[PDB]
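Structure record follows, encoded as structure tokens.
Positions of Cβ are generated from backbone atoms using ideal geometry, with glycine treated the same way; all protein chains shown enter the neighbour counts. Values quoted throughout were computed directly from the atomic coordinates according to the rules given, and no laboratory measurement underlies them.
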Amino acid sequence: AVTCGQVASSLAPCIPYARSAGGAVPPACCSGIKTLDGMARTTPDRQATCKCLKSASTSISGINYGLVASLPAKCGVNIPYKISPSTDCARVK
């Protein structure tokens, strides 16, 4: 299964943008999102990713969750659902 180390390494370039008002996505953040997409191909990998993101969120303030929800589509990755702290990781498919 993908580790929290793997998730952090792929989405670390997204953190400064995740705290901003929006605008142009850093290419390294889109690259990071593509890498994470490539690692999370099973339900458990997506559930692990969800749990790693929620855990890291408790240690970071100033996050623009409305902007984070749309980041995949801005990076060319089509996603059925929005990334949300509200969503239970146990219900991620």
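Computed from Cα positions, the angle between helix 65-74 and the longest principal axis of the chain comes to roughly 90 degrees.
Show me the ranking of peptides 4-12, 36-44 by mean Cβ neighbours inside 10 Å, starting with the highest. Let's see the in-between values first.
Numbers: 4-12: 16.6, 36-44: 14.7.
So the peptides 4-12, 36-44, ranked by packing, come out 4-12, 36-44.
Against the longest principal axis of the chain, how steep is helix 43-58, in degrees 0 to 90 to the nearest 10, with axes from Cα atoms? For 43-58 against the chain, the angle is about 50 degrees.
Assuming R0 = 22 Å, can you tell me the calculated FRET efficiency for the pair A56 and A21, based on Cβ-Cβ distance, to the nearest 0.05? Numbers along the way, then the final one.
Values: r = 21 Å, r/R0 = 0.96.
E between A56 and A21, to the nearest 0.05, is 0.55.
For the chain, a crude dipole built from +1 on the beta carbon of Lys and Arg and -1 on the beta carbon of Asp and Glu, taken about the Cα centre, is about 140 debye to the nearest 20.
Mean residue ellipticity at 222 nm from the helices of the chain, using -39,500 (n - 2.57) per DSSP H segment of n ≥ 4 over the full residue count, to the nearest 500 deg cm²/dmol? Please report the intermediate quantities before stating the final value.
Details: 5 runs with 51 residues, N = 93.
Taking each H run of at least 4 residues, the total per residue is -16000 deg cm²/dmol.
Ranking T43, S31, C14 by how far each Cα lies toward the positive end of the dipole of the chain (charges on Cβ) leaves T43 at the top.
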